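Enquirer: below: the sequence, then the experimentally determined structure.
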Amino acid sequence: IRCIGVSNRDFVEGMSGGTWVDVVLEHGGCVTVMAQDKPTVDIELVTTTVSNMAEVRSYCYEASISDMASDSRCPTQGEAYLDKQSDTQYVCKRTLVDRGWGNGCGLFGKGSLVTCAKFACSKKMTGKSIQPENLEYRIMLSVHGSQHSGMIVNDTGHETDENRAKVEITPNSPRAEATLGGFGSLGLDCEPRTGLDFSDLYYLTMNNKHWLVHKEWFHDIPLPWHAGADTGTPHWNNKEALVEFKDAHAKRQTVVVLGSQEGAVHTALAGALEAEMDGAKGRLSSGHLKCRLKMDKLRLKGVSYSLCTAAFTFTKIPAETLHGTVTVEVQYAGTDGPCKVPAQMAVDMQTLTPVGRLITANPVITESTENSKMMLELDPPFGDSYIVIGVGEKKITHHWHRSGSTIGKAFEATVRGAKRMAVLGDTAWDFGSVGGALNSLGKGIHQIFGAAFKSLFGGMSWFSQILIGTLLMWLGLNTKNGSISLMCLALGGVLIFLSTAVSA
Amino acid sequence: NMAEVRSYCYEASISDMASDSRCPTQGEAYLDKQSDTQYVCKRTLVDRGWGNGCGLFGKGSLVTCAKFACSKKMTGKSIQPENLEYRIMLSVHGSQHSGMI
Amino acid sequence: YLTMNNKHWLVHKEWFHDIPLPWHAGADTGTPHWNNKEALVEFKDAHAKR
Amino acid sequence: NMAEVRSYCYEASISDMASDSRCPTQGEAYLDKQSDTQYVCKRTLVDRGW
Amino acid sequence: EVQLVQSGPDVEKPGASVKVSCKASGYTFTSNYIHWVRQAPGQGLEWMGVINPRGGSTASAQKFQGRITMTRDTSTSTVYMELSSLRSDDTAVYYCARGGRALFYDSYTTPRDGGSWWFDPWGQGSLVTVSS
Amino acid sequence: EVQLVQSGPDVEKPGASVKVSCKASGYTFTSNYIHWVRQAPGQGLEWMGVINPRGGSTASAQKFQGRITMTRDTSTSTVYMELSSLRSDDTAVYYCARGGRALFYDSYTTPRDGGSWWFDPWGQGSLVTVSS
Amino acid sequence: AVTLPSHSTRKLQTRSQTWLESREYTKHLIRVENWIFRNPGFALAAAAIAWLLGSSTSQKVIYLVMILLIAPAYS
Amino acid sequence: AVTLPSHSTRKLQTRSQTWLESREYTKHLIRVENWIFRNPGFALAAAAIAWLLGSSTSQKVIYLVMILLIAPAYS
Amino acid sequence: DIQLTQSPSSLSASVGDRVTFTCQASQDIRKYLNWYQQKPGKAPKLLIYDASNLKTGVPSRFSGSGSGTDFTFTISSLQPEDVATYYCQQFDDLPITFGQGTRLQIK
Amino acid sequence: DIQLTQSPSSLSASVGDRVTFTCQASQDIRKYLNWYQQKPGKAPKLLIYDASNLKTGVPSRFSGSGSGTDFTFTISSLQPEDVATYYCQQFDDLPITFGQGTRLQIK
Ligand SMILES: *[C@@H]1O[C@H](CO)[C@@H](O)[C@H](O)[C@H]1NC(C)=O
């Protein structure tokens, strides 16, 4: 449920005894945890929301000029004053201009004048700030079993219902026991800080279009500043790059405005992530986090339930996911009550030889009603399959044949783990989460090493990191004393793998 | 005389967008919108899962696109070494106090 | 001779041929069938969708 | 049940042709005909003399 | 309350194009495939085509290939049908209807249907006559 | 004898499309640029556009960009003008005329002109009225 | 008004797709290729330059990359 | 929409002052200096790289220029 | 490909009678069949989805059945509001067709 | 784009008089100017191509002149068939415009 056909999902287990399943919660995929007990659970990060943003310096990219002024002065009488310049609403620059005979100025030679004009502007760039507090995570999770066609479509009553739940997380209130009447308590405690490395992030809204920007880049943009300001005529700062002054070969200086650079800041925005409904409530797309998840109290609701002997029937052609598993929605009337129902698979029967991954443990049916649809899934082994459902003779079976080899499973798992290794960096650790020694060792080694990788190779671009990896390779063959040339090979391969990022 | 060679648009506008989703296996998206060239379209493989229609699932495909209306054309005309024109002025010295264009 | 915002200048036609924006491409009246039509707009899906 | 994936045409017919000549230097041909996609068009540099 | 409404009856020229509107009420406009179905005065019903209010996806039958266009209008929650190159058979009444699990953009009939398959908001029927 | 002929006067709906024909006589149809020029009843003449009978080349003025289409018909030696999205100013009389050295496909006015620049076959004038 | 900072120099190596990567991870290639297609003889220019530095028959191509990769952008 | 062709690569060496030279004959310097001020450790990165090529103590600085001058723009 | 015959062409019966309509298609339409009744100048009447299912609000006076290719609708007891033209139509393969009709008349 | 004034607006004269019309444009139209006269409900009358050239069949009663930007048409002797609205129009740069008119009347 809720995590099928959402590829980039994962399945994580926990070696039973001391529920310690710290998942790397994803705002761009789902994660399903399983346990021999403790009905299998999913978690998917719906949205990310920020409550309060502060109004740091704004920017203007659309300006307008008027009431120009030159204020010529003789080659020797000082240089131009132009009382206009007195005001800051005007932008002015002072230029040495030629002044000859038949030009006034009984002398002649290089004189000077101060060309300038009013700086009126429009289309401000509200570059607000946000901080790791009064931001807000909002997730929804779903246990399997009941709830034919889970399917967020009618989520409204599903958080009121038992199979789905909606959770809000604050850096003030990190804990949340996702309580499911009859199912469990789903203990959760997360790190609402180290998700997106906030406090270096600004919420820019330009043309009612919002996004997040690494505040360093936002500080480095050379447009006019509102600079902190509030109401009152905006005294724009630096006021110069926008307008452009130009004299003739020697004389008569004028000014151009260079119009609006809206699309220019767009093409300069080539790394930000866009963001939506903003109100006093600013929502944004993906951003990960670390969530210690505990199976403290999850009762499976119907381990004693009987296996009512009605004949079961498929409805939809149980296609499989990229993760190899396969979901089926099986309907049946014929019996009543809160039923337990069998679901196994085999290679031969007259054995039924229950084999393979059972994901949707304790599949439960609610009521006496007609052919309830009983959505669930299982995962077959690498060969042909025989998924068996009903009970015995009036059961229903079906071929599968996963067609995914065991070494192939390791392939998909390791390339997935490697992509995690890349994008989550340190956080890719404790993903399969037991508090084991080598786990904290990996966390720490990546901590120091990748932090150095940041501070040294600061924000290496696509092309940059590409050629850096290439020349590191070329050098990894050249140098003697493999000890360091192997380190060249290592960093170069790290760089190239970083260039194998999601971009493909 | 300058001739009107290709112009450029740097200010565009988009509207009436279109996606046209298609199942993992039924071909790939058509989107009769794409039929016109006033619309710009690109075809992308998108995920299509269960509870998403499409009794199958896996990588499906859809063609996102929208109308390309634009403004602020760049008239990049051409000129040739003929029907260009030089214009000079010259002046002999002597008379004409304060010559001074 | 490029005139953009009633602002004119001269450009080495090689550079003018090499600019990757939509082309009117020679054209005259009639709805401008812009060429290459792609670098200007930018497409973006979600992690997998929409 | 079979699904109707892309079809192919191997028997075509042509009509109402169009050329739209243009001087050596006035851009290059527009041909509002090209506007439609029901027409197939290709653009060719041709000699133009006195 | 879930309910569809058509435009008034109309009369057009042979070879012209007629556009009938269909406005929805009582439901989220992006959750129901709009089916158009024709009915000549003495004839039965014959399904014309389908559009999805979301994304403007379209399909029809060969009896109208090249004349039928179907567009969305998400703002007022409406769908607009144009018949082009009108013909003497076009004098009929056309119906628009909401349909099933309109998840993305299609007909999508291998999965389930029914529960007013397309029959809750059959509206009022758009009478069109084609003559001079 | 070199001479042009238009279709009969016509009346259309506002927002419709009107097509006026212009048939030639007395000359090789592929040797004369067809110019279309409008004239409101009380107003003067304003050149609408030009088409070449050969190759169907076209051009017009911005006063009609997006509404005017001009096509050839080499068989009967005719040119067809469509005005789209008709508007209250369209009630006028339109004229078609043969013009100059129609060598390939254009207006081509930097070279010479005249000798009935476009004035031998001005035909009869196509009166069009746009109302209900 | 040089909008200097091409933000790709401050990439976010994060799972969701970034702003305009689609054309970005080809734009510099089309840059250099367009520039050299417009200024061809600069090829053998760079050749005579590099063939006079390094003196390795292996660093020679490296200085070829040097020259052909300063020419496009910083010009 | 990479407005690729920085026209300076097609300068007109003509007596009247060109479009925006005033900031242009400093813009690439401010480019490289800004970029390196933002990515400092890349300095010693380039150093260890170049010191391993050329092997001349004179081409070394040349490859230093190589690296520190591919990094800013094409990134 | 979607040819569906709907028999008979017409019928007329007294009040309180059972009536049955048949529709057989040339194709396999396992359960994707539906039934309406429409007056002249009316939106049709809620009868049947999936050829076996009564819709909410529909009187139990109506029933539908049939599995493979041919399907039977039945009015248990005729009533004055049953005058209409009845239609059966498939849902699959999407050249969606209907029946030409089954017309009623009270005696 | 090629504003062309055609003076006067109207005139009226007796038979056998010379009349002259002027048209000056805001642009340089070196020789690409032409002249017509049209009745209401008529195709116009062969007058002048190239602002200086009589067409075959045109009576020598008419003449046209002018070089740079302003151009003069002249009827040598007025006659009853000269009642019409006279038009001058340029040929260059192709937003082709005409004059609003010069109207005649016999006394
Ligand atoms: C639709 O909502 C109902 C409750 O009204 C719920 O039982 C059902 O599971 C929902 N279906 C989906 C697909 O969300």
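Expert: Received the coordinates, thanks. Residues are numbered from 1 along each chain as shown, chains lettered A, B, ... in the order given.
Enquirer: now for the residue of chain G found nearest chain D, how many residues are close by?
Expert: Closest residue of chain G to chain D, Cβ to the nearest Cβ: residue G:37 (18.1 Å). All C-beta atoms are positioned from the backbone trio N, CA, C, and that covers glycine. Number of residues near residue G:37 (other Cβ atoms under 10 Å in any protein chain shown) recorded here: 11.
Enquirer: quick check, it in a helix?
Expert: Yes: Residue G:37: assigned to a helix according to DSSP: H, G, I helix; E, B strand; the rest coil.
Enquirer: which strand or helix spans the nearest residue to residue E:123 once chain neighbours are set aside?
Expert: Distances taken as Cβ to Cβ, 6 or more residues apart in numbering or on different chains place residue E:4 nearest to residue E:123, at 3.9 Å, with adjacent residues excluded. Here residue E:4 sits within strand E:3-6, counting by DSSP states H and E.
Enquirer: ok, the most centrally placed residue in chain I - contacts?
Expert: Residue closest to the average C-alpha location in chain I (Cα atoms, centre = their mean): residue I:35, at 4.0 Å. By Cβ atoms under 8 Å, 6 or more residues apart in numbering or on different chains, the contact list for residue I:35 reads I:47, I:48, I:51, I:64, I:73, I:86, I:87, I:88, I:89.
Enquirer: counting neighbours, which of those residues comes out on top?
Expert: Neighbour-wise, these (other Cβ under 10 Å) top out at residue I:88, 30 neighbours.
Enquirer: let's verify that one: helix, strand, or coil?
Expert: Per three-state DSSP, residue I:88 ends up strand.
Enquirer: contacts for stretch G:40-53?
Expert: G:36, G:59-64, G:66-68, G:71, H:59, H:62.
Enquirer: can you do 10 Å?
Expert: Here stretch G:40-53 makes contact (Cβ atoms under 10 Å, 6 or more residues apart in numbering or on different chains) with G:35-36, G:39, G:57, G:59-72, H:54, H:56, H:58-59, H:62-63.
Enquirer: contact partners for residue A:471?
Expert: With contact set as Cβ under 10 Å, 6+ apart, residue A:471 has these partners: A:488, A:492, A:495, G:62, G:65, H:49-50, H:52-53, H:63, H:66-67, H:70.
Enquirer: next step: these restricted to helices.
Expert: Among those, the members falling in helices (DSSP state H) are A:488, A:492, A:495, G:62, G:65, H:49, H:50, H:63, H:66, H:67, H:70.
Enquirer: for the residue in the stretch 1-150 of chain A that chain E sits nearest to, what are its contacts?
Expert: Going by Cβ to the nearest Cβ, chain E is nearest to residue A:149 of the stretch 1-150 of chain A, at 9.0 Å. Residue A:149 makes contact with A:1, A:316, A:329, A:373, A:375, B:50, B:51, E:101, E:111, E:112 under the criterion Cβ under 10 Å, 6+ apart.
Enquirer: and if we set it to 7 Å?
Expert: Applying Cβ atoms under 7 Å, 6 or more residues apart in numbering or on different chains, we find residue A:149 in contact with A:373, A:375, B:51.
Enquirer: what helix or strand is the spatially closest residue to the second one that is not a sequence neighbour on?
Expert: To tie it back to what came earlier, the one meant is residue A:375. Of all residues not flanking residue A:375 in the chain, residue A:329 sits nearest, at 4.3 Å (Cβ to Cβ, 6+ apart). Under the criterion of DSSP H and E, residue A:329 resides in strand A:326-331.
Enquirer: next, the contact list for the residue nearest to residue A:375, please.
Expert: A:148, A:315, A:316, A:373, A:374, A:375.
Enquirer: recalculate using a threshold of 6 Å.
Expert: Counting by Cβ atoms under 6 Å, 6 or more residues apart in numbering or on different chains, residue A:329 makes contact with A:315, A:316, A:373, A:375.
Enquirer: which residues touch stretch A:52-62?
Expert: Applying Cβ under 6 Å, 6+ apart, the external contacts of stretch A:52-62 come out as A:121-130, A:134, A:203, A:223-228, A:260-262.
Enquirer: next: stretch A:438-447.
Expert: Contacts of stretch A:438-447 (Cβ under 6 Å, 6+ apart): A:426, A:429.
Enquirer: okay, buried residues for it please.
Expert: Of the residues in stretch A:438-447, those buried by neighbour count under the rule 16 or more other Cβ atoms under 10 Å in any protein chain shown are A:439, A:442, A:446.
Enquirer: off-centre distance for it?
Expert: 23 Å (Cα atoms, centre = their mean, to the nearest Å).
Enquirer: what bridges to residue 23?
Expert: Going with chain A. residue A:291 (DSSP bridges).
Enquirer: I was after chain I.
Expert: With DSSP bridges as the rule, residue I:23 is bridged to residue I:6, residue I:71.
Enquirer: so it makes contact with residue I:6?
Expert: Yes: applying Cβ atoms under 6 Å, one finds residue I:23 in contact with residue I:6, separated by 4.4 Å.
Enquirer: quick check: neighbours shared by the two?
Expert: I:88, I:99.
Enquirer: looking at those two, which one has more neighbours?
Expert: residue I:23 (26 against 23).
Enquirer: among the contacts of stretch G:40-53, name the buried ones.
Expert: G:35, G:39, G:59-60, G:62-72, H:54, H:59, H:62-63.
Enquirer: excluding covalently adjacent residues, which one is nearest to the residue positioned nearest the centre of chain E?
Expert: Note on chain E: the residue nearest the mean C-alpha position is residue E:36, at 2.8 Å, using Cα atoms, centre = their mean. Counting by Cβ to Cβ, 6+ apart, the nearest residue to residue E:36 once its immediate chain neighbours are dropped is residue E:48, at 4.2 Å.
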